[PDB]
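Enquirer: I have a structure I would like to understand better, so I am pasting it below and will then ask my questions one at a time.
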Amino acid sequence: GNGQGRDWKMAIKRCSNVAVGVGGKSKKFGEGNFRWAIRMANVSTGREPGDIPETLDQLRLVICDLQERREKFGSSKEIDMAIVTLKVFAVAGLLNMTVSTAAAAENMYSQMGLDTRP
Ligand SMILES: *C(=O)CCCCCCCCCCCCC
């Protein structure tokens, strides 16, 4: 609540277009949503609530971590969603990509060899 950033406001505004439901009709991301993901995923990774990086490396790292934990534990829609959120935001943010659906973004991150397994 002090300083602002280009990639920050640009990422959020763009994320609004991202289709979390995957289909191209409502159910898109946003400010509150993006926060709910990073916030939850943060605590899940035994990391303080003040986790707000600004590098594609930091994002891809958080994913691999949360994935590893959620993996050995099984699978959870909640945590799963948070992951896909940080993914689309990372690509559509750092890469300023126009992710049509959170699902597509995650597919690219993994397809490129960033996210462990599909
Ligand atoms: C005042 O409102 C403080 C909150 C503003 C934080 C700025 C954004 C910091 C960078 C986070 C980017 C997300 C990376 C996954």
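Within each chain, counting starts at residue 1; across the structure tokens, chains are named A, B, ... in the order shown, with ligands numbered 1 upward in that order.
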Taking the chain letters and numbering used in this document, name the residues of range 31-101 of chain A that DSSP puts in helix (DSSP H, G or I), as a PyMOL selection string.
Expert: chain A and resi 31-44+56-73+77-94
Enquirer: Using only C-alpha atoms, please write the residues we just selected to a file, as a PDB file, in the first residue's frame.
Expert:
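Writing done, so here's again-v8.pdb:
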```
ATOM      1  CA  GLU A  31      -6.905  -9.303  -7.715  1.00  0.00           C
ATOM      2  CA  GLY A  32      -8.604 -11.073  -4.823  1.00  0.00           C
ATOM      3  CA  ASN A  33      -8.316 -14.456  -6.525  1.00  0.00           C
ATOM      4  CA  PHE A  34      -4.618 -14.115  -7.344  1.00  0.00           C
ATOM      5  CA  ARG A  35      -4.030 -13.177  -3.705  1.00  0.00           C
ATOM      6  CA  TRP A  36      -6.004 -16.156  -2.404  1.00  0.00           C
ATOM      7  CA  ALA A  37      -3.691 -18.412  -4.408  1.00  0.00           C
ATOM      8  CA  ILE A  38      -0.323 -16.903  -3.490  1.00  0.00           C
ATOM      9  CA  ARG A  39      -1.525 -16.490   0.094  1.00  0.00           C
ATOM     10  CA  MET A  40      -2.680 -20.089   0.521  1.00  0.00           C
ATOM     11  CA  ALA A  41       0.176 -21.582  -1.499  1.00  0.00           C
ATOM     12  CA  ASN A  42       2.551 -19.490   0.611  1.00  0.00           C
ATOM     13  CA  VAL A  43       1.392 -20.829   3.977  1.00  0.00           C
ATOM     14  CA  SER A  44       1.216 -24.332   2.506  1.00  0.00           C
ATOM     15  CA  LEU A  56       9.535 -15.988 -13.152  1.00  0.00           C
ATOM     16  CA  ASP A  57      12.106 -18.049 -11.252  1.00  0.00           C
ATOM     17  CA  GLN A  58      10.460 -17.356  -7.894  1.00  0.00           C
ATOM     18  CA  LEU A  59       7.061 -18.361  -9.275  1.00  0.00           C
ATOM     19  CA  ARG A  60       8.146 -21.575 -10.994  1.00  0.00           C
ATOM     20  CA  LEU A  61       9.934 -22.412  -7.742  1.00  0.00           C
ATOM     21  CA  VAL A  62       6.825 -22.021  -5.584  1.00  0.00           C
ATOM     22  CA  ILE A  63       4.951 -24.356  -7.927  1.00  0.00           C
ATOM     23  CA  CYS A  64       7.504 -27.174  -7.872  1.00  0.00           C
ATOM     24  CA  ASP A  65       7.468 -26.904  -4.079  1.00  0.00           C
ATOM     25  CA  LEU A  66       3.702 -26.953  -3.548  1.00  0.00           C
ATOM     26  CA  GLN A  67       3.441 -29.699  -6.166  1.00  0.00           C
ATOM     27  CA  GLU A  68       5.984 -31.871  -4.352  1.00  0.00           C
ATOM     28  CA  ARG A  69       4.062 -31.598  -1.082  1.00  0.00           C
ATOM     29  CA  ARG A  70       0.573 -31.974  -2.552  1.00  0.00           C
ATOM     30  CA  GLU A  71       2.017 -34.894  -4.516  1.00  0.00           C
ATOM     31  CA  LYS A  72       3.233 -37.020  -1.604  1.00  0.00           C
ATOM     32  CA  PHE A  73      -0.050 -36.138   0.105  1.00  0.00           C
ATOM     33  CA  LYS A  77      -8.574 -28.964  -5.628  1.00  0.00           C
ATOM     34  CA  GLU A  78      -7.820 -26.030  -3.328  1.00  0.00           C
ATOM     35  CA  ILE A  79      -4.023 -26.222  -3.418  1.00  0.00           C
ATOM     36  CA  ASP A  80      -4.258 -27.310  -7.055  1.00  0.00           C
ATOM     37  CA  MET A  81      -6.096 -24.117  -7.997  1.00  0.00           C
ATOM     38  CA  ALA A  82      -3.558 -21.928  -6.198  1.00  0.00           C
ATOM     39  CA  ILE A  83      -0.806 -23.538  -8.270  1.00  0.00           C
ATOM     40  CA  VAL A  84      -2.498 -22.957 -11.627  1.00  0.00           C
ATOM     41  CA  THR A  85      -3.055 -19.375 -10.480  1.00  0.00           C
ATOM     42  CA  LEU A  86       0.608 -18.558  -9.861  1.00  0.00           C
ATOM     43  CA  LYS A  87       1.395 -20.270 -13.166  1.00  0.00           C
ATOM     44  CA  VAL A  88      -0.834 -18.218 -15.467  1.00  0.00           C
ATOM     45  CA  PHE A  89       0.201 -15.095 -13.561  1.00  0.00           C
ATOM     46  CA  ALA A  90       3.878 -15.946 -14.041  1.00  0.00           C
ATOM     47  CA  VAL A  91       3.642 -16.435 -17.805  1.00  0.00           C
ATOM     48  CA  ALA A  92       0.931 -13.858 -18.491  1.00  0.00           C
ATOM     49  CA  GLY A  93       2.830 -11.592 -16.117  1.00  0.00           C
ATOM     50  CA  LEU A  94       6.586 -11.923 -16.561  1.00  0.00           C
TER      51      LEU A  94
END
```
Enquirer: List the spatial neighbours of residue 117 in chain A as number ranges by chain - criterion: any atom at most 10 Å away, only C-alpha atoms, same-chain residues fewer than 4 positions off excluded.
Expert: A: 64, 67, 107, 109-111, 113
Enquirer: Each residue of chain A with at least one atom at most 6 Å from ligand 1 should appear once, together with its nearest atom pair and the corresponding distance in Å (one decimal); atoms considered: only C-alpha atoms and all ligand atoms; ordering: chain, then increasing residue number; output as a Markdown table.
Expert:
```
| residue | atom | partner | partner_atom_place_in_ligand_line | distance |
| --- | --- | --- | --- | --- |
| A:1 | CA | ligand 1 | 1 (C) | 2.4 |
| A:2 | CA | ligand 1 | 1 (C) | 5.3 |
| A:8 | CA | ligand 1 | 8 (C) | 5.7 |
| A:52 | CA | ligand 1 | 11 (C) | 4.0 |
| A:53 | CA | ligand 1 | 14 (C) | 4.5 |
| A:54 | CA | ligand 1 | 14 (C) | 4.6 |
| A:59 | CA | ligand 1 | 15 (C) | 5.4 |
| A:86 | CA | ligand 1 | 15 (C) | 6.0 |
```
Enquirer: Convert the current residue selection to file output with N, CA, C and O atoms, as a compact mmCIF listing (two decimals), in the first residue's frame.
Expert:
```
# COMPACT_ATOMS: atom_id res chain seq x y z
N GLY A 1 0.81 -1.21 0.00
CA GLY A 1 0.00 0.00 0.00
C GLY A 1 0.84 1.26 0.00
O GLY A 1 0.43 2.29 0.52
N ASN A 2 2.03 1.18 -0.59
CA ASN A 2 2.94 2.32 -0.65
C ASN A 2 3.37 2.59 -2.09
O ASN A 2 3.05 3.64 -2.65
N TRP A 8 3.15 -5.29 -12.11
CA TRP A 8 2.19 -5.62 -11.06
C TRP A 8 0.76 -5.31 -11.51
O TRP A 8 -0.08 -6.21 -11.60
N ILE A 52 5.82 -12.11 -1.69
CA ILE A 52 5.38 -11.46 -2.92
C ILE A 52 6.56 -11.11 -3.81
O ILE A 52 6.95 -9.96 -3.94
N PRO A 53 7.14 -12.14 -4.45
CA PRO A 53 8.29 -11.97 -5.34
C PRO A 53 7.91 -11.26 -6.64
O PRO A 53 6.80 -10.76 -6.78
N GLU A 54 8.85 -11.21 -7.58
CA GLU A 54 8.61 -10.56 -8.86
C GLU A 54 9.55 -11.11 -9.93
O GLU A 54 10.11 -10.36 -10.73
N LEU A 59 8.37 -17.75 -9.06
CA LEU A 59 7.06 -18.36 -9.27
C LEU A 59 7.20 -19.85 -9.56
O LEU A 59 6.64 -20.68 -8.85
N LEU A 86 -0.74 -19.13 -9.82
CA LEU A 86 0.61 -18.56 -9.86
C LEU A 86 1.27 -18.83 -11.21
O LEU A 86 2.16 -18.09 -11.63
```
Enquirer: Which residue gives the smallest distance to residue 26 in chain A among A:76, A:101, A:45, A:14, with only C-alpha atoms counted?
Expert: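 Comparing A:76, A:101, A:45, A:14 against residue 26 in chain A, the winner is A:101.
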Enquirer: Quick one: residues within 6 Å of residue 18 in chain A, only C-alpha atoms, excluding same-chain residues fewer than 5 positions away - as a list in words?
Expert: residues 28, 29, 99, 100 and 101 of chain A
Enquirer: Hey, can you check how far CA of residue 16 in chain A sits from CA of residue 102 in chain A?
Expert: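 Going from CA of residue 16 in chain A over to CA of residue 102 in chain A, I get 11.1 Å.
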Enquirer: To one decimal place in Å, what is the distance between CA of residue 49 in chain A and CA of residue 103 in chain A?
Expert: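 Spanning CA of residue 49 in chain A to CA of residue 103 in chain A is a straight-line distance of 25.6 Å.
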